[PDB]
Amino acid sequence: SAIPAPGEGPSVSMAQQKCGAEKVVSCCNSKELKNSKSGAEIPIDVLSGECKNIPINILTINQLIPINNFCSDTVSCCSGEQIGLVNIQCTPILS
């Protein structure tokens, strides 16, 4: 497993720290979130360029991966999406 790092900027380790380790990392600029009108009514996975859930598999050990493999957006950390968590709440990591 290789970590791509040309020279974009910081790594996910910086962002993830500001949320619970049991929470899943996703970058999404939602209109509801941007207006602070979402307690649980926020979709993690939406459209290519707005919101997407990023694979948590690498995120644990490959946290050394810089944001170049991530979306610079209002970062959201949602309840750890394990198989069965069809609906959960998302909250901004860095706001």
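Numbers run from 1 along the shown chain.
Determined via solution NMR.
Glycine residues also receive a Cβ, built from the backbone N, Cα and C atoms like all the rest.
Residues within less than 8 Å, Cβ to Cβ, of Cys19 (disulfide bond) and separated from it by at least 6 positions along the same chain comprise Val25, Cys77, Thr91, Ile93. According to Swiss-Prot, the feature disulfide bond maps to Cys19-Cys77 (among others).
Annotated disulfide bond per Swiss-Prot: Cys27-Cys71 (among others), in sequence order, evidence recorded as experimental evidence. Under the DSSP three-state reduction, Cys27 (disulfide bond) is assigned to strand.
Look at Swiss-Prot and you will find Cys28-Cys51 (among others) tagged as disulfide bond, backed by experimental evidence.
The disulfide bond annotation in Swiss-Prot covers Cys78-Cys90 (among others). DSSP gives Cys78 (disulfide bond) a strand state. Contacts of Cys78 (disulfide bond) defined by a Cβ separation under 8 A and a same-chain sequence distance of 6+ are given as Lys23, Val24, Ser26, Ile44, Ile88, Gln89, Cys90, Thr91, in order along the sequence.
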Among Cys27, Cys28, the one of these disulfide-bonded residues whose Cβ has the fewest neighbouring Cβ atoms within 10 Å: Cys27
Among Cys51, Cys71, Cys77, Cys90 [disulfide-bonded residues], residue with fewest other Cβ within 10 Å: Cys71
